[PDB]
Structure formats: structure tokens, C-alpha cells
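Quick heads-up: it's one chain on its own, the form deposited without the partner chain, in C-alpha cells.
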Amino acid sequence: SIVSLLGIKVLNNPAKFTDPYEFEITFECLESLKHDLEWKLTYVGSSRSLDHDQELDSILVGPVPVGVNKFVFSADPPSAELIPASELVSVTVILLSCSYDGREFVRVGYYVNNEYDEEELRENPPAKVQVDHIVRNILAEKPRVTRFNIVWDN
């Protein structure tokens, strides 16, 4: 495995639900890569409307040099249209994954705590969700990292 992930810093934590996700990704790379790396951010959270995990955003990391590399993934937030209208899902999940030549080799999973900003709104939750009143807290200090054995260069 050529690209090894070292650390991730969730820079804007906690945040408004509607805020863009800001990750500072640091990985090490042992051989020069012929192509781009692709980082993907997926929203995962319990809903009745069957659901197929929300792909929040994608980003390409340019010509990958050898050594330790740092970058910022500014992912777009989830659309209000694609989250329960009747219930605030208190605990959701965000999946940060990386691909090379169209194959994922790394997946990082985080739990996210979601609650209303107002002291009373938390106690008397409205019939319909106030998206502009949710505050997310990514449990960034505790992620689950998964490696997939993939074909690199040839």
C-alpha cells in the first residue's frame, strides 16, 4: 500500500448542520503516483425513505508527490430535502473514503451528535425539523479506519 492515511483534523467542530464540512487530511505516500486520489464524503443516517447513503462531495488530489501531504477537504453539507422532516436523527454517521484508479482503499467512519441550538427547542422539539437550528458534533477523536487491498500502478 502506497498511500497510507496518517491523520484527519475536523477543523470546524461543532458546526451548524448547514455548514460545509472542513477536514484537514494528512497522509503519507511512498511512491510517486501516476494519477489523482479521490476523496469522497458520505452522509449516513437512519431514515424511513428506504435510503441509499448520501454522497455529500468529491475532491481530486492533484499530482501526488512522495512524503507526507496535507490538504483540506471542504465538503458541501447535506441537503434538508434528503433528511427526515418529522424527526431529528440525534446520532448520524459520516464516511470519509479514498479511491485510486476507481477503487476505494480507505474508509474512515465517524459518529455525529446532532441537537438543536435553543435550550427550549431541545425540550419541545417542533413537529417539523428546524434544519437551520441543528448543531452537529463529529466525534472526531474516535474514528474507525478500514483498509481495502487494491491494485496501485502498472
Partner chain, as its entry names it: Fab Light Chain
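Residue numbers count along the first chain shown, from 1. C-alpha atoms forming the largest set that superposes within 1.5 Å between two forms make up the rigid core. Shifts are known only where both forms have a C-alpha.
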{"property": "Of 9-17 and 128-136, the one with larger mean CA B-factor", "result": "128-136"}
{"property": "56-64 or 35-43, whichever carries the higher mean Cα B-factor", "result": "56-64"}
{"property": "C-alpha B-factor winner, where the candidates are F27, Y116, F105, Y111", "result": "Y116"}
{"property": "Options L88, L121, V93, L96 - largest CA temperature factor per the record", "result": "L121"}
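Note that the form solved in complex with the partner chain isn't included here; everything after this is about it.
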query	finding
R48: touches the partner chain in the entry with it bound, heavy atom cutoff 4.5 angstroms	yes
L41: touches the partner chain in the entry with it bound, heavy atom cutoff 4.5 angstroms	no
Contact flag, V91 vs the partner chain in the entry with it bound, heavy atom cut 4.5 Å	yes
Proximity of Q130 to the partner chain in the entry with it bound, heavy atoms at 4.5 Å	no
Within 4.5 Å of the partner chain in the entry with it bound: residues from 113-152 (heavy atom criterion)	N113, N137, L139, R144
Conformational change between this form and the one not shown, one of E115, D51, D57, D101, C-alpha moving 2 Å or more after core fit	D51
Cα displacement of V89 between this form and the one not shown reaching 2 Å, rigid core superposed	yes
Direction of Cα pair change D19-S49 in the entry with it bound, magnitude 3 angstroms or more	farther
Inter-Cα distance between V89 and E115 in the entry with it bound, nearer or further [3 Å or more]	closer
Moved residue ranges in sequence order between this form and the one not shown, Cα 2 Å or more, at least 3 long, core fit	47-52, 84-89
